[PDB]
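K.L.:
Submitted below is the structure of interest, expressed as C-alpha cells.
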Amino acid sequence: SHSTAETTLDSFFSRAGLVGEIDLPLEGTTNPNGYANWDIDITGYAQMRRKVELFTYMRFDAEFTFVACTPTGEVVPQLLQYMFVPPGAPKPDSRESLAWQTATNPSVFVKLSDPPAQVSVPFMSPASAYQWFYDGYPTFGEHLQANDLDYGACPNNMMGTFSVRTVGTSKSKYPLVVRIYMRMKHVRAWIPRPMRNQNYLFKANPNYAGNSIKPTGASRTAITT
Amino acid sequence: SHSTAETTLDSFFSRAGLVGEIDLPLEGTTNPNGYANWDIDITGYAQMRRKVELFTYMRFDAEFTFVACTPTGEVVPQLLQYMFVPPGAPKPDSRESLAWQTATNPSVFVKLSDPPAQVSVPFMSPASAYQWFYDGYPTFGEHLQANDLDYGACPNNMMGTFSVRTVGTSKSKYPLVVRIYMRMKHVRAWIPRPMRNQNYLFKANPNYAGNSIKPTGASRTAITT
Amino acid sequence: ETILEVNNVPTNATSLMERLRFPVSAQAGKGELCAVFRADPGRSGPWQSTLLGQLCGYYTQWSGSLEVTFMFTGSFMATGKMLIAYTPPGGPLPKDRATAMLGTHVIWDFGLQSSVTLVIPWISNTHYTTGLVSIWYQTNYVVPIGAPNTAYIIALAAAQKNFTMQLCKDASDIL
Amino acid sequence: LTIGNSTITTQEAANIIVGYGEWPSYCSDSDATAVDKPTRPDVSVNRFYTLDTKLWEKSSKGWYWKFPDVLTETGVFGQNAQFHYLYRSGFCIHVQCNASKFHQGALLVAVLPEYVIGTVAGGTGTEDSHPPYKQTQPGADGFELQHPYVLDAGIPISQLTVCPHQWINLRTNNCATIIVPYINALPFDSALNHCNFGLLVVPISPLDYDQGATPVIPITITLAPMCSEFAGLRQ
Amino acid sequence: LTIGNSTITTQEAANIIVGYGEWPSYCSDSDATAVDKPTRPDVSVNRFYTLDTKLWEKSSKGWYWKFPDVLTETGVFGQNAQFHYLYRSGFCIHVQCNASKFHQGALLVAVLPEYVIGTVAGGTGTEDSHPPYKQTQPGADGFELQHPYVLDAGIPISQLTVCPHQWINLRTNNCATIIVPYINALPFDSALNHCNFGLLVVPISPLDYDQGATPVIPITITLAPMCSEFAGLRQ
Amino acid sequence: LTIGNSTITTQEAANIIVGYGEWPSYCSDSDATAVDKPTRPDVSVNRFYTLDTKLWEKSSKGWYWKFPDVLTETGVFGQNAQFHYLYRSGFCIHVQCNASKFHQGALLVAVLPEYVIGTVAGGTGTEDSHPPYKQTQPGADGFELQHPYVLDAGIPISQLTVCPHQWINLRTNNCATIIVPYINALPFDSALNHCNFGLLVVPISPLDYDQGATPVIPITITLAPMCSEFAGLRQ
C-alpha cells in the first residue's frame, strides 16, 4: 500500500458533502413564501466539524453542487434561481425584494430538467487563512458589555450565504426540494490539534457537557484482554 | 487466421455484462421499503464463474454502467441515487438511514431521462490479487467453533457493495427497475486451473452432487464413430 | 508520540485522568502486572486515545510498524526491574513471566530511568487476533523509606516511517 | 542566553525546544504592510517576567495561561501593550519546579495556539450560558482547570503532545524550557482583546510523597518575550 | 544435491520438472517488508522427511496431501512453523514407487495450489452440512480420494496436467520428482490455518498383476522443503 | 556485548572477570575426537536466559545453581540439550541486585566447578542416608542452602574466593558479572546427568534496613551461554 496519497489533505477532504437541505412545499408551515436564505455553515455536514477542528488555521476553495428534486423525486420543468451573496452584502428579506436583482450578488438560473448546477467559491477570508476559533472578542476597540456569551466566534470567517427562489412573478406550482453539496479544493492547513471526543452543543463554540463521556471504555481491568 | 488479440485475457473479459436486476415496485412483497442493497458478486452473471475459475489468482478493475427503466420500459422523470460503499463502510439499513449522507460512501445522482450512469471501481483487495477460493480458514489464529462453513471463502475478496434509492423524503411515484452491468478491464491472472465440469450447488464452495455426471457421452462404443 | 491509555478502566471524571496512567507498587512481586492489550490501533480500545488510533478510525485497513515508549514517574531513589514482552498474533497470552523471556522481550531496569522503547515490527488490518504486549514484574518495586510504595507509568506511542494507510472511511461521535 | 536581568544557571540538558521547528523571527516590512515602522531593541522590555510561583498538590488538575493577556499591570510590557495600537511578539518560557529526589509526579508543559476553553455549567435550571469574564484576563496567579481530561475544552490531553510540548519527570528533569514564535492569521493583531496563545501545565501522575515532606511543590514560571513590536503612543 | 540426510540412489535421470519455470526464491529485502532481518544457512533444516509409505491395490482410486500443514507435530520443521507466527517456503518432493518389472500401471503425480476439496454427503435428511475439520491438517497418513474423476472438486483430472505434473509409468519410471515454489496473494501467511498447497497422486492405469505376485504396491513419498522462512519465538 | 536479544545498559565499572584468566573458547577438532562435526553459530541459542528474580531477606543464608541443569523446560536450549547426545558450552552470567542507597548488605557471587553439595540429616534414628533427588535438577527458582558456612558441603566459604568470584557491596556496586569457560576431564560430556558447574550467591552481611523500606531485595540473574556445541538429533 505504498502511497501517502490518501493521507494527503486533499484526499482527506476531497469529497462533495451535503451541507444543506432546503424545502419549498406548495404550502404548509415551514416556509410558505417560495423563498429561502441559507447561511453557509460547513458544520451542516455533521462529522465535518470534528474533522476540521484537527487544525487551527486552514485555507481552501469550495465547490458547491445543487441537486434539486421533488419529495417525490419527480424531475419537474421548473426554472429556479440560486443567488450567492458576499459576506458584506445584505441578505434578501422578501420574495419580491430587490436583492434578487443585485448584480454583484452572482446568480445561477437552471431548470430541474437541467442537470445539477456546479459552482466554485474561492477563498473569501480577509485573513491570510481561515480560522476555526478566535481566543478573543471579535470587536476592535474595547468591548461593550451587552455580550456575555459572545466568545470564540469569528465573524470575518463567514463566507457568505446562498439564497434560492422559484423564478417568476407568481408563486411556484410544484413542491420542491433543493440539496446542496460541498467539495473543498486547494486545501492547505497548519497548526495540528487533538481531535474532539465529546458531543457538540453549538456551532459557534467548542462547548462540552457537564458530564464527560469516555472515548473508549468497557475494558474491565488492565490485565484482562 | 494469425491474430492473437482475441486470446488475451482482456479481450476474454472486457465486456459489460448484466450482473444485477434491482426491483423497486410501487408496493408488493419484494421490498415494501423502496430501497435495496446489492452485494457486488460477479457470480450473479451465471456463466462468468466457470469462465473465471480457470485461474486461482487474478486481478481487475471494473466498469459499471447503470441502466434503469420501468418494467414497461417507459423512461420516467424520477431522480434517483446510486451509492457505492467500500469494503470497510457499513451497509445502509433503512431508507431514512444515516449512511446516505456518509461522504466516504461515494454517491451518484442521475435522472432516467439522462443516459445511464457509468462509473469504474478499481482493484480493492489488501492482497496482491483476488482469489476465487482459499484452501484455509479465513480466521486468523486458533479455531473457534462458532462458524465452520466459511471455508474457501476469502473475506477481503469482497469488492464492496452497491445501494440504490429513489431520492426524496417521500415515496417514489413510479415503479422502477434498475439493471446493473459489469465490465472487467485491466486483468492479470495467474495460476491456471482445469475448468468446471459439474453443475454448481452453492456460490461459496466447489460443491457438487452426490451423483457425478460426465462432460460428454452418447458414444455407443469406441470403434463406431 | 502520543499517550496510550492502557488503563482504560475507570469512567469517573475525577478518576477519568487515571487512564493515561497505570500503576506499579511495592506490593505484588514477580507475578503479573499488565498487558498493554492489543497492538492494534483501529480496533475499538485503548489506542482510541492516541492521535494515531483516531485517524485510523478515519480509514479502513493499514500496514506498518509502531514504537511504544514507556515513561517512569517514580522517585529518584526508587529502583527495580520489569521485563516487557511482545507476543505476536495467534499465540495466546504467555502462561507466566518466564514464558515471556523465551521470545522477543526487553528487561527494563529503572537505572536507565528516562524511558525504554518497544518497537512492534508489523501489524495489519485484513478485515480477531493481533499482537500482544505484556509487561511483567521481573521484580518488585523496591523503595527506601520516604518513597511512595506505589508508582505510576505513562505509555505513549506513535508510528514509524513505514506506517501507511488505506482508503478514507468515516465513523464519528457527534449528532 | 544573556539577554535580560538575572537568569538561573542550570546544567541544562537539551531541554531546548522550538515551536514547530522555527525560531522567533521579526517582521518583514519592505512593502506597504505598515507605513509607520515600529522600532524596538532586544533587551529593553525582554526582562525576565516571572509570574508568582504556584503550588502543586495531589488534588491538582492542571493550570493554564494566556500570553498576550498575562501582561496587564504586569511589567513595563503591560504599560506598553495596553496603550499601544497593535501587538506582536515571540516568547522564551522556562518552567521550573523545585522538588526533592523523594517526590514523584509527572508534568506535561505544553503550548497551544488558539485556546478557547469553553465552558459549561449545569443545565437549563437557572441560566443557559454565561461563560466567565475572568476566563479572559487570567491573572498571573490563575487559573485552575475544571476538567483536565478535556481541558475544559472538549479536547483530550491524550493528544496534546501534537503541539510543542515538553515533559517534566521528577525522576529526571526539574526544568523544562519551551520557545514559541508568533502564530496568527494577521501578521499584526491587537493585544489584550485577543489572547493569541495558551500555555498548559497538566499533571498526569498526580504527585506522591510519603509524609513528613512538604506536600506543596513549587512550579516557578519564568518568561522571556522575544521579537516584540512597538514604537510608542499616547496616554 | 548435498542438502539433507540420506538420498535414494539414482543414475540421476532427468525426471526433474519445475513449477512454472522458476526456482523457489528467497525474500527481496532492501525495502520495508520486515524490520526484523532473517538470517539463514543452506543446510540447517533441509532434512529428507519421508512420510509413511502407503499401499496400492487394484481397487485404489488415488490419494492426496496438503503441504503447509503436513508438518505440525511432524519433524523439527513442524515444531517451528507451528511456533512461528508466519511462514514461507518452497519444496522439492520426490515421489518414488517400488514395483516389479512384471507389474503394470500408471500414476500421475500432480501439484495443485489452492485445493478446496468439497464435499457433499448423502443429503439434507438429518443434517445440511458437516465439512470435516480433519480435512485440513491431514497427517502423513491421509487422504484417500472419493471421486477421482472430479478430484472431489467438480474439476476433471482430464485437464489436471495443466498444473505442475509428472508421470510414473512402470514401463519406464518407478520414480518421479517435482519442485514447487511459494505461491500466494500475500507474501506471508500462517500455516496450520491455511493449506496453501496440495499434492495429488492419481492412478490412470489402475495396476494389474496376474496373482502370485505381491498385490500391494508401495508408493514411498520423500519431501525436501527449500527456501524456508523463520527466525524463532517463544514456547 | 551485542549478542542476544535485550541487554541492560550500565555505566559498567570493570566488573568484567574471566574464569581463571582465559576466555570461553570453542572445540579444537581437526583430529579424530568426533567424526561427525557439530556446527553452531553464536546467537541462535545464546539468548539471555534470565531466571526468575529472587528475594534477599535478613534470614537468608545463600543460594546456589547448577548450570548444565538450569536448562530443562528452560529455553530452546533445554529443547536442545535434552534430546542431544553430548553437551559443552561456556557462560557469561550477570548477577544484578536492585536496591536503595539506604539498604546495606554484602554478597559474594562465586563460581565453583564441581559442586557436590552433601548432604546430611539427623543421625541413625529413622534412615541413615538418602540425599535428595531434587539436589539435582534444581529449578530456576531454587534453591536455598542449609549451612552456608559449609555450603552444605563441608567446605568453608571463608576460602571460596580462591575460585573465580566477585563482590556485590551495596555501598558501591549493584552489578557483578562473571564469565566461565568449560571445565571438565572430557572435552565432551553429557548434559542433564552431570551438572558440570555450580553458581553461588552467599551473603556475608545479612542485609539491613531501618523499616518503612521494602524488606525484600531482588537478585535478578541473567545468563548468556557462549561456545555451545550441537547439531541435531531425534524426537
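In the C-alpha cells, each chain is lettered A, B, ... as it comes, each chain's residues begin at 1, and ligands are numbered from 1 in order of appearance.
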Using DSSP secondary structure from the backbone, list all helix (DSSP H, G or I) positions within range 40-225 of chain A, as a ChimeraX atom specification.
P.N.:
/A:48-52,99-101,155-157
K.L.:
For the residues in that selection, give me C-alpha atoms as a PDB file, in the first residue's frame.
P.N.:
ATOM      1  CA  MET A  48     -17.040  17.539   9.186  1.00  0.00           C
ATOM      2  CA  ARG A  49     -16.695  19.773  12.250  1.00  0.00           C
ATOM      3  CA  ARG A  50     -14.527  17.372  14.257  1.00  0.00           C
ATOM      4  CA  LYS A  51     -12.698  16.553  11.040  1.00  0.00           C
ATOM      5  CA  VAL A  52     -11.543  20.143  10.542  1.00  0.00           C
ATOM      6  CA  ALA A  99     -31.721  41.854  -3.756  1.00  0.00           C
ATOM      7  CA  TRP A 100     -32.681  39.286  -6.387  1.00  0.00           C
ATOM      8  CA  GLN A 101     -31.692  41.884  -8.979  1.00  0.00           C
ATOM      9  CA  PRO A 155     -17.201  36.967  12.167  1.00  0.00           C
ATOM     10  CA  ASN A 156     -14.770  37.586   9.299  1.00  0.00           C
ATOM     11  CA  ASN A 157     -14.629  33.825   8.814  1.00  0.00           C
TER      12      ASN A 157
END
K.L.:
For residue 98 in chain B, find every residue with an atom within 12 Å (counting only C-alpha atoms), except residues of its own chain fewer than 4 positions away, and show them as a list in words.
P.N.:
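Skipping anything fewer than 4 positions along the chain leaves residues 45, 46 and 47 of chain A; 90, 91, 92, 93, 94, 102, 103 and 105 of chain B; 170, 171, 172 and 175 of chain C.
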K.L.:
As a list in words, could you give me every residue of chain B near chain C (at most 6 Å apart, counting only C-alpha atoms)?
P.N.:
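Listing them in order of chain and number gives residues 88, 104 and 141 of chain B.
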K.L.:
Determine, counting only C-alpha atoms, which protein, DNA and RNA residues have an atom within 10 Å of an atom of range 28-36 of chain F; residues of the same chain fewer than 6 positions away are not included. Present the result as number ranges by chain.
P.N.:
F: 187-188, 231
K.L.:
Would you mind exporting the chosen residues as a PDB file, in the first residue's frame, restricted to N, CA and C atoms?
P.N.:
ATOM      1  N   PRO F 187      36.567 -33.601  26.981  1.00  0.00           N
ATOM      2  CA  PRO F 187      36.275 -32.382  26.229  1.00  0.00           C
ATOM      3  C   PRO F 187      34.799 -32.319  25.871  1.00  0.00           C
ATOM      4  N   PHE F 188      34.121 -33.460  25.928  1.00  0.00           N
ATOM      5  CA  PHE F 188      32.691 -33.505  25.654  1.00  0.00           C
ATOM      6  C   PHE F 188      31.993 -34.489  26.590  1.00  0.00           C
ATOM      7  N   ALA F 231      24.197 -29.933  16.984  1.00  0.00           N
ATOM      8  CA  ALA F 231      23.923 -30.181  15.569  1.00  0.00           C
ATOM      9  C   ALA F 231      22.455 -30.562  15.342  1.00  0.00           C
TER      10      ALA F 231
END
K.L.:
According to DSSP computed on the backbone, where in range 4-171 of chain C is there strand (DSSP E)? Give the residues as a PDB file with N, CA and C atoms, in the first residue's frame.
P.N.:
ATOM      1  N   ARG C  21      -2.421   6.927  32.932  1.00  0.00           N
ATOM      2  CA  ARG C  21      -1.551   6.422  33.970  1.00  0.00           C
ATOM      3  C   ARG C  21      -1.814   4.940  34.240  1.00  0.00           C
ATOM      4  N   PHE C  22      -0.780   4.175  34.582  1.00  0.00           N
ATOM      5  CA  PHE C  22      -1.013   2.824  35.095  1.00  0.00           C
ATOM      6  C   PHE C  22       0.017   2.461  36.157  1.00  0.00           C
ATOM      7  N   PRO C  23      -0.451   1.837  37.250  1.00  0.00           N
ATOM      8  CA  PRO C  23       0.321   1.748  38.494  1.00  0.00           C
ATOM      9  C   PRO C  23       1.345   0.623  38.585  1.00  0.00           C
ATOM     10  N   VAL C  24       2.373   0.869  39.391  1.00  0.00           N
ATOM     11  CA  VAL C  24       3.260  -0.171  39.897  1.00  0.00           C
ATOM     12  C   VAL C  24       3.398   0.080  41.392  1.00  0.00           C
ATOM     13  N   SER C  25       3.501  -0.987  42.177  1.00  0.00           N
ATOM     14  CA  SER C  25       3.571  -0.834  43.625  1.00  0.00           C
ATOM     15  C   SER C  25       4.529  -1.840  44.247  1.00  0.00           C
ATOM     16  N   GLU C  32       2.292 -10.878  37.955  1.00  0.00           N
ATOM     17  CA  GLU C  32       1.812 -10.300  36.711  1.00  0.00           C
ATOM     18  C   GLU C  32       1.281  -8.897  36.963  1.00  0.00           C
ATOM     19  N   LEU C  33       1.693  -7.952  36.124  1.00  0.00           N
ATOM     20  CA  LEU C  33       1.224  -6.579  36.245  1.00  0.00           C
ATOM     21  C   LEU C  33       0.175  -6.222  35.205  1.00  0.00           C
ATOM     22  N   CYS C  34       0.583  -6.172  33.943  1.00  0.00           N
ATOM     23  CA  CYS C  34      -0.288  -5.627  32.917  1.00  0.00           C
ATOM     24  C   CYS C  34       0.134  -5.964  31.496  1.00  0.00           C
ATOM     25  N   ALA C  35      -0.822  -6.436  30.708  1.00  0.00           N
ATOM     26  CA  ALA C  35      -0.644  -6.470  29.270  1.00  0.00           C
ATOM     27  C   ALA C  35      -1.165  -5.148  28.743  1.00  0.00           C
ATOM     28  N   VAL C  36      -0.413  -4.508  27.852  1.00  0.00           N
ATOM     29  CA  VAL C  36      -0.830  -3.220  27.306  1.00  0.00           C
ATOM     30  C   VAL C  36      -1.953  -3.452  26.296  1.00  0.00           C
ATOM     31  N   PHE C  37      -2.472  -4.681  26.307  1.00  0.00           N
ATOM     32  CA  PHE C  37      -3.523  -5.128  25.408  1.00  0.00           C
ATOM     33  C   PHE C  37      -2.979  -5.251  23.997  1.00  0.00           C
ATOM     34  N   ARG C  38      -3.913  -5.308  23.066  1.00  0.00           N
ATOM     35  CA  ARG C  38      -3.678  -5.415  21.639  1.00  0.00           C
ATOM     36  C   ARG C  38      -2.638  -4.433  21.091  1.00  0.00           C
ATOM     37  N   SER C  63      -1.039  -0.839   7.203  1.00  0.00           N
ATOM     38  CA  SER C  63       0.109  -1.714   7.362  1.00  0.00           C
ATOM     39  C   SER C  63       1.300  -0.879   7.806  1.00  0.00           C
ATOM     40  N   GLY C  64       2.032  -1.364   8.803  1.00  0.00           N
ATOM     41  CA  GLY C  64       3.181  -0.633   9.301  1.00  0.00           C
ATOM     42  C   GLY C  64       3.751  -1.125  10.617  1.00  0.00           C
ATOM     43  N   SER C  65       4.717  -0.373  11.131  1.00  0.00           N
ATOM     44  CA  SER C  65       5.369  -0.679  12.399  1.00  0.00           C
ATOM     45  C   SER C  65       5.171   0.452  13.400  1.00  0.00           C
ATOM     46  N   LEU C  66       5.094   0.103  14.679  1.00  0.00           N
ATOM     47  CA  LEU C  66       4.890   1.095  15.727  1.00  0.00           C
ATOM     48  C   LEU C  66       5.989   1.018  16.780  1.00  0.00           C
ATOM     49  N   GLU C  67       6.223   2.137  17.457  1.00  0.00           N
ATOM     50  CA  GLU C  67       7.141   2.166  18.588  1.00  0.00           C
ATOM     51  C   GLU C  67       6.415   2.710  19.817  1.00  0.00           C
ATOM     52  N   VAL C  68       6.483   1.969  20.918  1.00  0.00           N
ATOM     53  CA  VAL C  68       5.800   2.357  22.148  1.00  0.00           C
ATOM     54  C   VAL C  68       6.771   2.551  23.307  1.00  0.00           C
ATOM     55  N   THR C  69       7.075   3.807  23.616  1.00  0.00           N
ATOM     56  CA  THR C  69       7.977   4.142  24.714  1.00  0.00           C
ATOM     57  C   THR C  69       7.235   4.281  26.047  1.00  0.00           C
ATOM     58  N   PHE C  70       7.789   3.696  27.107  1.00  0.00           N
ATOM     59  CA  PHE C  70       7.196   3.810  28.440  1.00  0.00           C
ATOM     60  C   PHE C  70       7.974   4.798  29.297  1.00  0.00           C
ATOM     61  N   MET C  71       7.264   5.520  30.157  1.00  0.00           N
ATOM     62  CA  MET C  71       7.890   6.562  30.956  1.00  0.00           C
ATOM     63  C   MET C  71       7.618   6.352  32.440  1.00  0.00           C
ATOM     64  N   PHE C  72       8.682   6.402  33.232  1.00  0.00           N
ATOM     65  CA  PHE C  72       8.607   6.103  34.655  1.00  0.00           C
ATOM     66  C   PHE C  72       8.536   7.379  35.480  1.00  0.00           C
ATOM     67  N   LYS C  81      13.139  -3.848  38.542  1.00  0.00           N
ATOM     68  CA  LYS C  81      13.232  -4.334  37.169  1.00  0.00           C
ATOM     69  C   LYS C  81      11.883  -4.792  36.642  1.00  0.00           C
ATOM     70  N   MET C  82      11.688  -4.604  35.345  1.00  0.00           N
ATOM     71  CA  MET C  82      10.479  -5.030  34.663  1.00  0.00           C
ATOM     72  C   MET C  82      10.900  -5.617  33.335  1.00  0.00           C
ATOM     73  N   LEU C  83      10.248  -6.684  32.897  1.00  0.00           N
ATOM     74  CA  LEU C  83      10.512  -7.165  31.552  1.00  0.00           C
ATOM     75  C   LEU C  83       9.252  -6.953  30.728  1.00  0.00           C
ATOM     76  N   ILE C  84       9.420  -6.308  29.583  1.00  0.00           N
ATOM     77  CA  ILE C  84       8.315  -6.081  28.673  1.00  0.00           C
ATOM     78  C   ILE C  84       8.457  -7.051  27.515  1.00  0.00           C
ATOM     79  N   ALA C  85       7.383  -7.765  27.210  1.00  0.00           N
ATOM     80  CA  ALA C  85       7.448  -8.812  26.206  1.00  0.00           C
ATOM     81  C   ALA C  85       6.313  -8.701  25.211  1.00  0.00           C
ATOM     82  N   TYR C  86       6.668  -8.620  23.935  1.00  0.00           N
ATOM     83  CA  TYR C  86       5.676  -8.635  22.876  1.00  0.00           C
ATOM     84  C   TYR C  86       5.355 -10.068  22.476  1.00  0.00           C
ATOM     85  N   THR C  87       4.065 -10.359  22.345  1.00  0.00           N
ATOM     86  CA  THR C  87       3.615 -11.660  21.876  1.00  0.00           C
ATOM     87  C   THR C  87       2.874 -11.490  20.558  1.00  0.00           C
ATOM     88  N   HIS C 105      11.674  -9.794  23.851  1.00  0.00           N
ATOM     89  CA  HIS C 105      11.316  -9.165  25.113  1.00  0.00           C
ATOM     90  C   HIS C 105      12.448  -8.272  25.591  1.00  0.00           C
ATOM     91  N   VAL C 106      12.114  -7.273  26.400  1.00  0.00           N
ATOM     92  CA  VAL C 106      13.127  -6.361  26.904  1.00  0.00           C
ATOM     93  C   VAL C 106      13.000  -6.151  28.406  1.00  0.00           C
ATOM     94  N   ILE C 107      14.062  -6.492  29.126  1.00  0.00           N
ATOM     95  CA  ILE C 107      14.090  -6.292  30.563  1.00  0.00           C
ATOM     96  C   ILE C 107      14.368  -4.815  30.824  1.00  0.00           C
ATOM     97  N   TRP C 108      13.406  -4.143  31.443  1.00  0.00           N
ATOM     98  CA  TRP C 108      13.507  -2.722  31.748  1.00  0.00           C
ATOM     99  C   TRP C 108      13.931  -2.506  33.197  1.00  0.00           C
ATOM    100  N   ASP C 109      15.084  -1.873  33.382  1.00  0.00           N
ATOM    101  CA  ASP C 109      15.537  -1.509  34.715  1.00  0.00           C
ATOM    102  C   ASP C 109      15.345  -0.011  34.898  1.00  0.00           C
ATOM    103  N   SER C 115      13.548   6.356  29.696  1.00  0.00           N
ATOM    104  CA  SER C 115      12.496   5.587  29.054  1.00  0.00           C
ATOM    105  C   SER C 115      13.074   4.351  28.391  1.00  0.00           C
ATOM    106  N   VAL C 116      12.206   3.557  27.780  1.00  0.00           N
ATOM    107  CA  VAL C 116      12.608   2.326  27.118  1.00  0.00           C
ATOM    108  C   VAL C 116      11.665   2.152  25.944  1.00  0.00           C
ATOM    109  N   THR C 117      12.230   1.950  24.763  1.00  0.00           N
ATOM    110  CA  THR C 117      11.434   1.954  23.549  1.00  0.00           C
ATOM    111  C   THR C 117      11.159   0.548  23.039  1.00  0.00           C
ATOM    112  N   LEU C 118       9.880   0.233  22.862  1.00  0.00           N
ATOM    113  CA  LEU C 118       9.496  -1.062  22.326  1.00  0.00           C
ATOM    114  C   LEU C 118       8.954  -0.861  20.923  1.00  0.00           C
ATOM    115  N   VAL C 119       9.592  -1.508  19.955  1.00  0.00           N
ATOM    116  CA  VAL C 119       9.195  -1.375  18.565  1.00  0.00           C
ATOM    117  C   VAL C 119       8.498  -2.650  18.092  1.00  0.00           C
ATOM    118  N   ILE C 120       7.193  -2.558  17.857  1.00  0.00           N
ATOM    119  CA  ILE C 120       6.463  -3.686  17.300  1.00  0.00           C
ATOM    120  C   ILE C 120       6.579  -3.685  15.775  1.00  0.00           C
ATOM    121  N   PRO C 121       7.150  -4.771  15.222  1.00  0.00           N
ATOM    122  CA  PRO C 121       7.581  -4.953  13.828  1.00  0.00           C
ATOM    123  C   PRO C 121       6.480  -4.762  12.791  1.00  0.00           C
ATOM    124  N   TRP C 122       5.378  -5.490  12.919  1.00  0.00           N
ATOM    125  CA  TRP C 122       4.349  -5.431  11.892  1.00  0.00           C
ATOM    126  C   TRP C 122       2.968  -5.781  12.419  1.00  0.00           C
ATOM    127  N   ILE C 123       2.012  -4.924  12.089  1.00  0.00           N
ATOM    128  CA  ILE C 123       0.605  -5.163  12.349  1.00  0.00           C
ATOM    129  C   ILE C 123      -0.163  -4.732  11.113  1.00  0.00           C
ATOM    130  N   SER C 124      -1.241  -5.440  10.807  1.00  0.00           N
ATOM    131  CA  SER C 124      -2.020  -5.130   9.619  1.00  0.00           C
ATOM    132  C   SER C 124      -3.494  -5.381   9.861  1.00  0.00           C
ATOM    133  N   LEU C 132       0.222  -9.041  20.999  1.00  0.00           N
ATOM    134  CA  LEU C 132       0.001  -8.644  22.387  1.00  0.00           C
ATOM    135  C   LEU C 132       1.319  -8.210  23.012  1.00  0.00           C
ATOM    136  N   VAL C 133       1.291  -7.098  23.736  1.00  0.00           N
ATOM    137  CA  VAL C 133       2.439  -6.697  24.534  1.00  0.00           C
ATOM    138  C   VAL C 133       2.093  -6.848  26.008  1.00  0.00           C
ATOM    139  N   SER C 134       2.927  -7.585  26.730  1.00  0.00           N
ATOM    140  CA  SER C 134       2.691  -7.842  28.141  1.00  0.00           C
ATOM    141  C   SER C 134       3.854  -7.323  28.979  1.00  0.00           C
ATOM    142  N   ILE C 135       3.535  -6.669  30.088  1.00  0.00           N
ATOM    143  CA  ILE C 135       4.561  -6.121  30.962  1.00  0.00           C
ATOM    144  C   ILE C 135       4.545  -6.870  32.282  1.00  0.00           C
ATOM    145  N   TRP C 136       5.684  -7.453  32.633  1.00  0.00           N
ATOM    146  CA  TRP C 136       5.763  -8.346  33.777  1.00  0.00           C
ATOM    147  C   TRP C 136       6.666  -7.825  34.877  1.00  0.00           C
ATOM    148  N   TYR C 137       6.318  -8.180  36.108  1.00  0.00           N
ATOM    149  CA  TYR C 137       7.193  -7.949  37.235  1.00  0.00           C
ATOM    150  C   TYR C 137       8.392  -8.874  37.107  1.00  0.00           C
ATOM    151  N   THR C 150       3.971   2.935  45.951  1.00  0.00           N
ATOM    152  CA  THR C 150       3.269   2.728  44.697  1.00  0.00           C
ATOM    153  C   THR C 150       3.644   3.839  43.728  1.00  0.00           C
ATOM    154  N   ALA C 151       3.879   3.475  42.472  1.00  0.00           N
ATOM    155  CA  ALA C 151       4.302   4.449  41.474  1.00  0.00           C
ATOM    156  C   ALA C 151       3.510   4.285  40.189  1.00  0.00           C
ATOM    157  N   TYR C 152       3.699   5.221  39.269  1.00  0.00           N
ATOM    158  CA  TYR C 152       2.866   5.292  38.082  1.00  0.00           C
ATOM    159  C   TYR C 152       3.699   5.385  36.800  1.00  0.00           C
ATOM    160  N   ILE C 153       3.196   4.798  35.718  1.00  0.00           N
ATOM    161  CA  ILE C 153       3.886   4.836  34.428  1.00  0.00           C
ATOM    162  C   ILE C 153       2.973   5.358  33.317  1.00  0.00           C
ATOM    163  N   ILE C 154       3.523   6.185  32.432  1.00  0.00           N
ATOM    164  CA  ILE C 154       2.798   6.647  31.250  1.00  0.00           C
ATOM    165  C   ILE C 154       3.329   5.978  29.990  1.00  0.00           C
ATOM    166  N   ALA C 155       2.424   5.426  29.190  1.00  0.00           N
ATOM    167  CA  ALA C 155       2.801   4.802  27.932  1.00  0.00           C
ATOM    168  C   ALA C 155       2.283   5.660  26.791  1.00  0.00           C
ATOM    169  N   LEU C 156       3.189   6.067  25.909  1.00  0.00           N
ATOM    170  CA  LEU C 156       2.827   6.870  24.749  1.00  0.00           C
ATOM    171  C   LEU C 156       3.410   6.280  23.465  1.00  0.00           C
ATOM    172  N   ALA C 157       2.642   6.327  22.381  1.00  0.00           N
ATOM    173  CA  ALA C 157       3.022   5.621  21.164  1.00  0.00           C
ATOM    174  C   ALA C 157       2.883   6.469  19.908  1.00  0.00           C
ATOM    175  N   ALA C 158       3.401   5.933  18.807  1.00  0.00           N
ATOM    176  CA  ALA C 158       3.337   6.579  17.503  1.00  0.00           C
ATOM    177  C   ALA C 158       3.693   5.575  16.419  1.00  0.00           C
ATOM    178  N   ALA C 159       3.758   6.046  15.179  1.00  0.00           N
ATOM    179  CA  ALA C 159       4.065   5.173  14.054  1.00  0.00           C
ATOM    180  C   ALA C 159       5.359   5.578  13.351  1.00  0.00           C
TER     181      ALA C 159
END
K.L.:
Residue 205 in chain F: which residues within 9 Å, counting only C-alpha atoms, same-chain residues fewer than 2 positions away excluded, as a ChimeraX atom specification?
P.N.:
/F:58,104-107,203,207-208
K.L.:
At most 9 Å is the cut-off: for each residue in chain E with any atom that close to an atom of chain F, write down the nearest atom pair and the distance in Å rounded to one decimal, counting only C-alpha atoms, chain first then increasing number, as CSV.
P.N.:
residue,atom,partner,partner_atom,distance
E:44,CA,F:231,CA,8.9
E:75,CA,F:235,CA,7.9
E:76,CA,F:235,CA,8.6
E:231,CA,F:44,CA,8.9
E:232,CA,F:44,CA,8.7
E:234,CA,F:75,CA,8.4
E:235,CA,F:75,CA,7.8
K.L.:
Quote the spacing between CA of residue 160 in chain B and CA of residue 181 in chain A in Å to one decimal place.
P.N.:
23.8 Å
K.L.:
If we count only C-alpha atoms, what is near residue 205 in chain A at a cut-off of 10 Å, once residues fewer than 6 positions away on the same chain are taken out, given as number ranges by chain?
P.N.:
A: 132-134, 149-154; D: 116-119, 153
K.L.:
Counting only C-alpha atoms, which residues of chain B come no farther than 8 Å from chain E, as a ChimeraX atom specification?
P.N.:
/B:56-57,127-131,133-142,148-149,152,191-199,205-210
K.L.:
If the cut-off is 10 Å, can you tell me the residues of chain F near chain C, counting only C-alpha atoms? I'd like them as a PyMOL selection string.
P.N.:
chain F and resi 5-11+47-55+74-76+96-103+140+209-220
K.L.:
Would you kindly report the residues of chain A within 8 Å of chain B, using only C-alpha atoms, as number ranges by chain?
P.N.:
A: 1, 15-18, 69-76
